[PDB]
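Protein chains in written order, with our numbering: chain A, 3 to 265; chain B, 8 to 271. Everything below concerns the one structure shown next.
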Ligand SMILES: [Mn+2]
Ligand SMILES: [Mn+2]
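Laid out in structure tokens, this is it:
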């Protein structure tokens with residue numbers, strides 16, 4: 003039995019309590035919340051968790067400035083915002099925040115082809131951000147989940163092994179890996195083997211099918227990967243992150259979850 | 008049952024055309040997919056190398072400045088003139104056709120800037136006009152245009168085999184066929200084998216790489232299952248390496264991947 007959560011989707015109710023109710027009745031085990039929605043509505047979120055029993059598992063997004071941002075002022079402002087998100091997560095019982103090195107800032111694979119910063123420059127800035135967030139995570143009892151993205155979305159961290167290097171070489175104790183099936187389907191040599199080899203640091207999982215749409219609408223072998231997580235005694239959640247391609251979005255979402263329950 | 012397996016050029020290949028053809032043949036490949044500009048500027052050298060080695064030019068790819076769906080009209084039109092010259096060169100050396108996407112590296116809906124400067128209907132009109140024009144050249148020269156869907160990050164216009172099929176069917180084109188690329192398909196298709204099957208009437212060419220764009224066998228793509236689908240569908244084209252190499256010894260990894268691929 004896997005614990006299966008979801009991020010927000012546009013067809014979810016806007017009202018926080020109704021949103022939690024709606025997510026619960028679809029069958030999900032948890033909610034991965036936007037960081038700014040969480041910080042700006044802490045008490046509403048706490049109430050909704052209490053009334054529904056649907057927990058906030060994690061936060062994702064909600065800050066302006068990547069931990070590996072090219073612009074130093076933006077990186078530092080982002081760290082201040084991520085600190086607030088971690089504080090809010092502790093107040094509602096969330097486990098941690100999902101962050102990539104960056105999104106949509108640069109890629110080696112599309113023009114402009116030349117990075118404005120050296121590889122050592124990338125590593126120093128990401129490492130410094132993670133060292134700072136390690137201090138906040140220790141204070142708040144939370145974790146930073148470091149997410150490799152595919153090569154088009156980020157140049158710095160593309161594989162689980164990339165994230166592992168940052169964690170191990172900085173000897174971080176409050177930064178874990180989050181593997182995303184969609185990005186892994188592009189970047190990993192062997193998805194199940196990557197989950198296994200990193201079971202010591204894999205703290206969170208994102209799921210979507212190979213084309214980023216609802217699980218089951220593509221051909222990712224969710225049953226095989228779930229079996230790998232079971233064999234490794236995976237403790238965390240698997241959380242929907244991605245898009246919906248369907249005439250009836252809500253029905254396709256429910257059907258995907260029902261199908262995942264048989265994996 | 009055995010497949011015809013070719014390759015594009017790689018940086019470690021010899022630069023001299025005759026040596027390059029010799030080298031590719033010796034690694035065991037069945038054909039060469041040549042850069043369009045290399046071909047056009049060296050037709051006689053290429054003809055000599057085909058004759059001496061027996062290694063055919065199967066197709067061309069690249070070699071023109073201006074996408075068939077280019078945002079800039081002058082670039083689109085200049086590209087068509089260059090693609091025409093490439094199709095003429097292919098006819099002279101016995102190649103079958105040219106591989107083109109709608110565009111590469113021009114725009115994507117999935118990365119900033121998020122808003123396209125052109126409407127969807129504008130995209131369709133420009134790509135369709137380009138394909139009509141090339142259809143005329145293909146009819147004259149006895150060649151084919153292989154229309155390649157790319158993944159959503161490389162191109163906004165044509166991402167699935169069904170996208171390319173639309174363009175071909177709704178324009179009633181007879182000299183434009185689909186080229187499926189395993190790497191792009193692994194991102195975009197609902198079901199890769201099914202997509203190859205449902206489009207077997209228009210699938211004229213195939214690009215192969217593993218899921219992370221590196222040499223076949225270094226990732227997780229089930230090449231045996233996909234080659235079986237092609238065989239079941241009576242596919243008679245080539246499967247051509249397009250992609251990158253990650254290895255300490257690139258030449259050896261290239262040989263090893265092809266040797267392994269011969270068992271699929
Ligand atoms: Mn993710
Ligand atoms: Mn290709």
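Backbone N, C-alpha and C fix where the C-beta goes; we use that ideal spot for every residue, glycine too.
Check                                                                                                                                   : Outcome
C-alpha distance - residue 247 of chain A paired with residue 213 of chain A, whole-angstrom precision                                  : 10 angstroms
Residues within the region 101-118 of chain A neighbouring chain B, beta-carbon criterion of under 7 angstroms                          : 106, 112, 113
Residue-level contact to chain A via CB, residue 195 of chain B, 7 angstroms cutoff                                                     : yes
Proximal residues of chain A, C-beta to C-beta of residue 199 of chain B below 8 angstroms                                              : 221
Residues in the region 208-235 of chain A having any Cβ partner in chain B nearer than 7 angstroms                                      : 212, 213, 219, 220, 221
Listed by chain order, chain B residues near residue 154 of chain A by CB distance under 9 angstroms                                    : 115, 117, 118, 158, 159, 160, 161
Residue 249 of chain B CB to nearest heavy atom of ligand 2 below 6 angstroms                                                           : yes
Endpoints, alpha helix (DSSP H) assigned at residue 184 of chain A                                                                      : 183-189
Own chain partners of residue 195 of chain B with C-beta closer than 8 angstroms, once the 5 adjacent residues on each side are dropped : 156, 158, 159, 166, 167
Closer than 6 angstroms: residue 162 of chain B CB and nearest ligand 2 heavy atom                                                      : no
Segment contact flag, the region 80-89 of chain B with the region 122-130 of chain B, C-beta cutoff 8 angstroms, min 3 pairs            : no
Same chain, Cβ closer than 6 angstroms to residue 245 of chain A, five either side skipped, listed in chain order                       : 214, 215
Spatial distance of residue 94 of chain A from residue 207 of chain A (CA atoms)                                                        : 20 angstroms
Test item: CB-CB of residue 9 of chain B and residue 66 of chain B under 7 angstroms                                                    : no
When A/34, A/173, A/123, A/108 are compared against residue 63 of chain A, the one with the closest alpha-carbon                        : A/34
Closer than 6 angstroms: residue 182 of chain A CB and nearest ligand 1 heavy atom                                                      : yes
Proximity test, residue 176 of chain A beta-carbon vs ligand 2 heavy atom, cut-off 6 angstroms                                          : no
Cβ-heavy atom distance, residue 219 of chain B to ligand 2, below 6 angstroms                                                           : no
Strand pairing of residue 33 of chain A, partner residues [DSSP]                                                                        : A/8, A/58
Residue 297 of chain B versus residue 51 of chain B - alpha carbon distance                                                             : Missing from the structure shown is residue 297 of chain B; chain B here goes from 8 to 271 and no further.
Neighbourhood of residue 25 of chain B by C-beta, 8 angstroms cutoff - its chain only, sequence neighbours within 5 removed             : 52, 55, 56, 59, 60
Beta carbon of residue 175 of chain B nearer than 7 angstroms to that of residue 209 of chain B                                         : yes
Burial state of residue 231 of chain B, where buried means 16 or more other Cβ atoms lie within 10 Å                                    : exposed
Heavy atom of ligand 1 within 6 angstroms of residue 206 of chain A beta-carbon                                                         : no
Where residue 264 of chain A falls, given that 16 or more other Cβ within 10 Å makes a residue buried                                   : exposed
Own chain residues within Cβ distance below 7 angstroms of residue 95 of chain B, not counting five before or after                     : 148
Cα-Cα separation, residue 41 of chain A to residue 152 of chain B                                                                       : 54 angstroms
Presumed contact (8 angstroms Cβ cut-off) between residue 220 of chain A and residue 155 of chain A, rounded CB distance                : Contact flag wrong, Cβ pair sits at about 18 angstroms.
Continuous alpha helix (DSSP H) assignments of at least 4 residues falling wholly in the region 137-204 of chain B                      : 168-177, 189-195
Contacting residues, own chain, Cβ-Cβ under 6 angstroms from residue 36 of chain A (five flanking each side not counted)                : 63, 64
Separation of residue 185 of chain A from residue 249 of chain A, as counted between CA atoms                                           : 25 angstroms
Nearest-angstrom Cβ-Cβ length linking residue 249 of chain B and residue 200 of chain B, presumed shorter than 8 angstroms              : Incorrect: roughly 19 angstroms between the Cβ atoms, too far for contact.
Residue 128 of chain A beta carbon less than 7 angstroms from that of residue 85 of chain A                                             : no
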